[PDB]
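Everything below concerns the one structure shown next.
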Amino acid sequence: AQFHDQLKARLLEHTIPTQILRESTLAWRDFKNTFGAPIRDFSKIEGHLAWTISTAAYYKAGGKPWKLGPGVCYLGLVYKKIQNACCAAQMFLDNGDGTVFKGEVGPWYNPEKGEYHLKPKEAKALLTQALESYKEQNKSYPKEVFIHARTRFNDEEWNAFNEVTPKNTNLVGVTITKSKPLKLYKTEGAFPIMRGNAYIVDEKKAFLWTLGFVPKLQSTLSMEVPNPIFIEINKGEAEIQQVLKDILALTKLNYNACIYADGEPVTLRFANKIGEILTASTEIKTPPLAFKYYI
Amino acid sequence: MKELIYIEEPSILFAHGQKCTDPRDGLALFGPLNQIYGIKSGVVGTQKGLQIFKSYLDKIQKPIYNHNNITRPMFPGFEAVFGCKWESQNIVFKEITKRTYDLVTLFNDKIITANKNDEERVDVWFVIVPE
Amino acid sequence: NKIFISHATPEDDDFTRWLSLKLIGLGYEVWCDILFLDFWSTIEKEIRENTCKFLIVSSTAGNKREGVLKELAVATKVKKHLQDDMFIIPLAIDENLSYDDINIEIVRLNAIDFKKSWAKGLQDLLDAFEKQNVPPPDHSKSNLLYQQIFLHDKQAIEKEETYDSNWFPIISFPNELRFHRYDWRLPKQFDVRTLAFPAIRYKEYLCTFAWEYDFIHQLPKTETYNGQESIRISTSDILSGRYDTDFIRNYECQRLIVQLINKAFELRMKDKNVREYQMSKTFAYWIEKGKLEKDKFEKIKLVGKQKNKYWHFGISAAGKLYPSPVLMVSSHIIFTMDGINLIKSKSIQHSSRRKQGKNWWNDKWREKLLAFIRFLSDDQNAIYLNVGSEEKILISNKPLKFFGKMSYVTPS
Amino acid sequence: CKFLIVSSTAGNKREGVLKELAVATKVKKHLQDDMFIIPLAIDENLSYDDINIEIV
RNA sequence: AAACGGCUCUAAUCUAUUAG
DNA sequence: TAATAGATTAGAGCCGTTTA
Ligand SMILES: [Mg+2]
Numbered sequence: 204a205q206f207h208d209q210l211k212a213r214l215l216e217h218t219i220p221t222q223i224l225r226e227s228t229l230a231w232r233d234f235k236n237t238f239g240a241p242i243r244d245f246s247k248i249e250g251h252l253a254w255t256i257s258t259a260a261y262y263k264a265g266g267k268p269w270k271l272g276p277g278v279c280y281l282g283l284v285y286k287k288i295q296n297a298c299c300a301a302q303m304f305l306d307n308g309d310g311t312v313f314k315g316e317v318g319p320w321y322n323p324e325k326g327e328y329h330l331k332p333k334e335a336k337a338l339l340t341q342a343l344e345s346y347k348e349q350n351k352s353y354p355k356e357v358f359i360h361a362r363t364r365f366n367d368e369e370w371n372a373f374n375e376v377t378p379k380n381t382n383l384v385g386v387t388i389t390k391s392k393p394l395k396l397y398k399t400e401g402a403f404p405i406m407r408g409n410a411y412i413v414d415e416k417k418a419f420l421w422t423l424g425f426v427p428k429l430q431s432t433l434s435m436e437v438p439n440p441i442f443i444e445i446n447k448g449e450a451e452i453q454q455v456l457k458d459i460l461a462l463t464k465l466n467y468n469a470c471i472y473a474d475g476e477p478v479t480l481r482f483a484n485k486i487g488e489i490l491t492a493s494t495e496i497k498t499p500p501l502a503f504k505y506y507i
Numbered sequence: 001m002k003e004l005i006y007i008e009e010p011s012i013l014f015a016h017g018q019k020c021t022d023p024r025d026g027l028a029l030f031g032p033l034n035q036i037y038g039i040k041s042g043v044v045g046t047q048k049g050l051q052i053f054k055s056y057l058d059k060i061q062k063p064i065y066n067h068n069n070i071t072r073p074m075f076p077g078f079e080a081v082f083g084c085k086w087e088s089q090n091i092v093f094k095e096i097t112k113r114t115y116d117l118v119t120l121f122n123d124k125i126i127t128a129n130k131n132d133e134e135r136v137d138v139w140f141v142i143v144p145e
Numbered sequence: 003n004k005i006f007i008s009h010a011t012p013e014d015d016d017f018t019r020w021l022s023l024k025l026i027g028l029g030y031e032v033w034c035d036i037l038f039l044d045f046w047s048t049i050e051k052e053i054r055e056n057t058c059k060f061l062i063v064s065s066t067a068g069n070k071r072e073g074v075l076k077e078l079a080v081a082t083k084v085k086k087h088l089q090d091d092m093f094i095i096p097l098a099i100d101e102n103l104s105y106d107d108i109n110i111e112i113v114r115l116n117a118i119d120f121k122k123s124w125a126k127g128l129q130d131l132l133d134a135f136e137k138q139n140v141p144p145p146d147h148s149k150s151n152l153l154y155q156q157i158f159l160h161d162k163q164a165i166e167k168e169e170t171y172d173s174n175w176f177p178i179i180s181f182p183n184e185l186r187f188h189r190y191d192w193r194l195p196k197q198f199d200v201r202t203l204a205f206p207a208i209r210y211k212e213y214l215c216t217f218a219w220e221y222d223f224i225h226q227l228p229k230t231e232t233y234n235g236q237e238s239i240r241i242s243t244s245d246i247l248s249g250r251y252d253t254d255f256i257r258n259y260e261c262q263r264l265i266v267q268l269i270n271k272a273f274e275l276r277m278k279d280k281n282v283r284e285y286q287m288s289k290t291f292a293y294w295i296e297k298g299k300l301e302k303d304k305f306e307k308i309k310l311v312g313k314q315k316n317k318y319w320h321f322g323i324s325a326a327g328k329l330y331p332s333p334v335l336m337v338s339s340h341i342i343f344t345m346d347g348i349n350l351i352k353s354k355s356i357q358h359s360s361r362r363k364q365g366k367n368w369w370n371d372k373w374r375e376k377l378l379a380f381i382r383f384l385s386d387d388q389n390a391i392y393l394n395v396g397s398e399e400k401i402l403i404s405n406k407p408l409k410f411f412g413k414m415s416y417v418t419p420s
Numbered sequence: 058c059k060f061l062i063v064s065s066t067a068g069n070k071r072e073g074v075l076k077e078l079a080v081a082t083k084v085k086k087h088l089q090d091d092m093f094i095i096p097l098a099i100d101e102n103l104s105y106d107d108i109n110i111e112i113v
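Chains as they are written, first to last, in the authors' numbering: chain A, 204 to 272, 276 to 288, 295 to 507; chain B, 1 to 97, 112 to 145; chain C, 3 to 39, 44 to 141, 144 to 420; chain D, 58 to 113.
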């Protein structure tokens, strides 16, 4: 089970960008089921397979495939069960207009079994690390810090966040929950709801279809009926429409895949991946912090 | 009859400042932002794994087709899209021939010895894991 | 100063589109039929009047079609006219077609190899008619051309669309929620979930919307109990959050109401002639085979057959009150061998569900969910929940409806 | 059975003869015989170049 | 572990209450 | 400590490749 994560972790100390490919992936036809068609039928997606592998290989070799289109540091943070470990992934725009998307590492440990929240010290450490990274990349503190996670934030950890952020900087806490049961269909067409539609419930909570039918691709990013992601602004002050726009933008930077877009903001997904990598093996002091060593 | 708002599709930048929504179509049309000159591919795995990776890297050069080319675009070919060379004849090979720990250790120490001792540079190591 | 590209349109559409878009990117005026949304006279005018190069794509289907052959013929006539040997540049792209079996009219020309690494072929084309003096690069033109014709056929349009959801609103609640002071009439070790009406053990009280004398058949000590001991709480204040007292908080009271809704709907399916199967967190309710006319409700199939197994559409209900009083039914597929007996193994059920949902899409899912909910309904536009002898929970048959100002043209 | 098209300077680009030739090639494709349409070139000024694609 | 999804399964925690 | 819910959360597998 844990070959990929352990292998990627043990190479973190001596930073070596690596890509794991299975023989059943590169040459899927050779491996049948002893009865017929191969285990991994990639015939319909062979071009897509080549696309994705090529994109991954170009990214891990120091290539920047596509950018995004300021002053906002998007901090997607995710907890992993082990004690729980919080691992972040930051993305922001510099004065050079080149999106910086590396991921904040050095996971912060909450010893409580089921508390998917940070203690004040760990929260201060995480926010200081993110703010200092933004300052060193941009020569100034961020105008907004868009902290988002798959969990809600308690008052004490958000109070630590607010105590540790400097002045004239506003931070907004966003919870993106998947598989919330709102299967919203289309009574007219035979195809699912077009991607990008958002059901704004209140000023702080809403549903978003980051995935679904796209006119440009003339089909769906997802089988069946799309599952909307629930965006709740449980902490901070921000417009719900702006938050939805930002989440849709973050759904674009999946450099691990060559797909039009993914159902979740990519900061959360990449933070999850580096969290698996970190928690796979022993502790690493100042881990590499660049995605090509994790994804 | 609750209002469903629309959020405009964000455009991801590409080479020459050309913005397109689809990463695949934008990559094929214009290309990546920065021009790495090539991939010094390094491969750790079995000889059969090396053969499989080399055959697939040969196939990558020629354009390949999806079954439905409009729902999911074609791959023009690695040099056609990215503008950098990734041939299969320029591969640094590392032959191989609690179980999880030692199985990871095999590929791991192969990679570390190759990155440490070997003179030939590798930009990214393609671990061809058997099945 | 145009670069004419001739090809077999359906077979070589992708290659021609890529090459033409690139060439327009580098700053070369390019003419192709797939780049334009009679026509043949325009083709002749462009070929004879102001084209510099004539590229012909040479796949195995680009040499046996009449149209490509005759544009190549007019091209060679113009080639002999200009007295320029550099007019017709073949572009062989197919591995199956060798440098033999190729048309006489194009057999003698020096082709450019696109068989491998289209980038090398494009580089050969570029350094070919760069020193061949064929007449600034502006990739924005290529992006625009990609958007106008390759993209405009399908895009986001200002079209109104209407949507059915998973959310079925709760039309009406029982007005008063009743806590019963059941010290000794209710055994402490008795399970309140098997009571004939939904019941929670809250603060030693018996949370229910039901009257104090419903729990008689299986709880006979509860008779002769004073109704003043019961605390009756306005459900409207619970929903609006007005009721927040030291006795009971608003959120926990709403949690009790949601537990009541879920349990009552569970017993409703218990009496609704619908079978149940155990999921991880909830129960899935599906119709057995043969319990519907031609395996259909109205005109929507809810039970069918695939590869010696049978599938039953199933629903799993759970209420919530945050946006409004409304439950969210969930759509599942439950598999069986003979349609009446369940498959015990869960992995085979999962594989069968992933097989069956492969061909199901928005229309099928929505029609099956709506058919199921209208099937369980007693009232024409509502479903009854027996939470009290005189009190009931009304669930709207029509789920919450939505509408959007932007949509797409449905391809079919 | 056969379709002889006059191929003079005026008779190879006029609209009516062009449409008749177009439907002629359509029925030729339907009949699957290459021995259908016959151009009769009569005009000294009109060379074998500059002639219509559909008959070239 | 090319990948993204749809599901299926399991566990934990926080609340409120009841029995230890 | 055990239980009964509802709400949040997290982990695993597992199948299909997005109706032309
Ligand atoms: Mg990957």
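C-beta: ideal position from N, C-alpha, C; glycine also.
CA-to-CA distance, residue j to residue i, given in whole angstroms
{"i": "C:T418", "j": "B:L4", "result": "18 Å"}
{"i": "A:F304", "j": "A:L343", "result": "11 Å"}
{"i": "A:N307", "j": "B:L57", "result": "38 Å"}
{"i": "B:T127", "j": "A:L214", "result": "12 Å"}
{"i": "C:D254", "j": "A:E356", "result": "40 Å"}
{"i": "A:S352", "j": "A:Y346", "result": "7 Å"}
{"i": "A:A473", "j": "C:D90", "result": "50 Å"}
{"i": "A:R232", "j": "A:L224", "result": "15 Å"}
{"i": "residue 421 of chain C", "j": "C:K70", "result": "Not covered by the structure: residue 421 of chain C. The range shown for chain C is 3 to 420."}
{"i": "C:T216", "j": "C:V266", "result": "11 Å"}
{"i": "A:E451", "j": "A:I459", "result": "12 Å"}
{"i": "C:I26", "j": "C:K149", "result": "7 Å"}
When the options are compared against residue i, the one with the closest alpha-carbon
{"i": "C:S385", "options": "C:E375, C:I403 and C:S397", "result": "C:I403"}
{"i": "C:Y318", "options": "C:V337, C:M345 and C:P333", "result": "C:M345"}
{"i": "B:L117", "options": "B:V141, B:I7, B:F78 and B:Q51", "result": "B:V141"}
{"i": "A:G487", "options": "A:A502, A:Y262, A:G266 and A:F419", "result": "A:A502"}
{"i": "C:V140", "options": "C:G68, C:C58 and C:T230", "result": "C:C58"}
{"i": "A:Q295", "options": "A:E324, A:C279 and A:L229", "result": "A:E324"}
{"i": "B:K19", "options": "A:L271, A:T258, A:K211 and A:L224", "result": "A:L271"}
{"i": "B:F78", "options": "C:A117, C:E111, C:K122 and C:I94", "result": "C:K122"}
{"i": "C:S332", "options": "C:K167, C:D90, C:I239 and C:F181", "result": "C:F181"}
{"i": "A:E334", "options": "A:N371, A:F358 and A:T311", "result": "A:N371"}
{"i": "C:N281", "options": "C:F383, C:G249, C:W368 and C:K271", "result": "C:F383"}
{"i": "C:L264", "options": "C:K278, C:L247, C:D279 and C:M277", "result": "C:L247"}
Residue i: CB within 6 Å of a non-hydrogen atom of ligand 1
{"i": "A:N468", "result": "yes"}
{"i": "A:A259", "result": "yes"}
Unbroken stretches of the beta strand (DSSP E), 3 residues or longer, contained in the region 167-199 of chain C: 169-172, 175-180 and 184-188
Given a limit of 7 Å on CB to CB distance, which residues of the region 398-430 of chain A reach chain C? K398, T399, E400, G401, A402, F403, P404, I405, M406, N409, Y411, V413, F425, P427, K428 and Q430
Could you list the residues in the region 319-341 of chain C with a C-beta less than 7 Å from some C-beta on chain A, going in chain order? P331, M336, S338 and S339
To be precise: take each residue of the region 54-71 of chain B, compare its Cβ to all Cβ atoms of chain A, and keep it if any distance is under 9 Å. Which residues remain? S55, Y56, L57, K59, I60, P63, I64, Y65, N66, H67, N68, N69, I70 and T71
What residues from the region 225-245 of chain A come within 9 Å of chain B, judged by C-beta to C-beta, listed N to C? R225, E226, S227, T228, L229, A230, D233, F234 and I242
Could I get the ranges of all uninterrupted beta strand (DSSP E) runs contained in the region 207-231 of chain C, with 3 residues as the minimum, in chain order? 208-210 and 213-216
Under 8 Å (Cβ pairs) to chain B, residues found in the region 393-419 of chain C: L408, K409, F410, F411, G412, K413 and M414
Which residues of the region 456-475 of chain A have a Cβ closer than 7 Å to any Cβ of chain B? Give them in chain order. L456, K457, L460, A461, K464, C470 and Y472
Note down, in chain order, all residues in the region 116-129 of chain C with a beta-carbon under 8 Å from any beta-carbon belonging to chain B. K121, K122, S123, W124, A125, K126 and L128
Please give me, in chain order, every unbroken run of the beta strand (DSSP E) with length at least 3 that falls completely inside the region 272-321 of chain C. 283-286, 291-294 and 311-314
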